[PDB]
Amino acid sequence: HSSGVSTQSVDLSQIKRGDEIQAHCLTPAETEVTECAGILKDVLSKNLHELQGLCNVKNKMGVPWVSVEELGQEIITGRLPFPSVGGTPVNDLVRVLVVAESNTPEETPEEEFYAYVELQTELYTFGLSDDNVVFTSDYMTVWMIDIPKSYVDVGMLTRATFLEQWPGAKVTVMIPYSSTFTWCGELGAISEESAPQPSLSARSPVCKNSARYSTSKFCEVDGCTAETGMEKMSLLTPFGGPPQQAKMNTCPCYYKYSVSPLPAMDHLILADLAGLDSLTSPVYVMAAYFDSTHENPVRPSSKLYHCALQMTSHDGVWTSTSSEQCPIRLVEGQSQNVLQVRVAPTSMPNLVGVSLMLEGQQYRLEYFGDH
């Protein structure tokens, strides 16, 4: 289709010079294309589609071809449904990879393939120039560029300009959130007429009006008590959505904001997913949080973090990866058809968000803001 959400395991071991790519191409290393440029030539020539194996998740949307008669510019533009909060001015840089390509037309075209991609933010517009090229082929181009993480989030706009309405034309934005997790935002060109066909990606602010959770006053009304086990689940998956069903719990907001004594809990379920017995791709869950160590009250270091966990099926059984740092963890729910996202109540105060990504569905849970 012209849009969707996919997942796959990413084993760098079995990926030609995988380690090297992730090192010089997806990590903000050298301030020049040379290193990554020379690794891609070796790899991408042996396999022009290798880079697709680096995405743990791929989120694609169908965008209409907008034309510019005067200049003969066929342009596609879109706003990627970024999975999590990019970062804080206090964070470092992300080195994102951009890929523009189209189907190789069986009939030699008039002009040579061409694409100018630019990512614009309210202030600066990062335009992948020539100096950013790290690879080129008849029908494909790859750029590399460092961006302050805080910029990579909703607001950032993606624009690809071609000289023709190339077949199978698409732009991809590879975004590595953690050394071991990469999310790919893709834009597929569709007919001028066609209306934008996004993916089932939602963003949900779980604690609207965080003031409401400043105390235990509304606990009873909200249905967040030691009785129900601090569980107030709401559905995330729409009526037409896939055969899997995801839901979120809002009771944690209390544990993040309350200054009123709350029920002691071993853990807290942030969300659950049903329908694993029929799902055939892994499930990822990324968390965005602030480091626990305290800082100088005179200079509060707001450095944001990200750890992504993955529930996979091995011979029919589902298991979760784990991190001695990650504040959350994935556990099997009632059966092997249910998956749970948990966290220690004491982690909540520093939890900013979590994102649930599985075949055909993506949800961005925010524990701050009201939108």
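Sequential numbering from 1, following the sequence displayed.
Taking only CA atoms, the mean B-factor in the PDB entry is higher for 102 to 110 than for the other of 102 to 110 and 88 to 96.
The deposited model assigns a higher average Cα B-factor to 111 to 119 than to the other stretch when 170 to 178 and 111 to 119 are compared.
Of the candidates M286, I145, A226, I269, the PDB record gives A226 the highest C-alpha temperature factor. Note on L163, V133, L200, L262: the highest value goes to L163, judged by CA B factor as recorded. Per the PDB record, residue ranking by Cα B-factor puts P83 in the lowest third of the chain.
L40: CA B factor lies in the middle third for its chain, per the PDB record. Sort the chain's modelled residues by C-alpha temperature factor and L26 lands in the middle third, per the entry. Ranked within its chain, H294 lands in the highest third, by CA B factor from the PDB record. When the modelled residues of the chain are ordered by their C-alpha B factor, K46 lands in the highest third.
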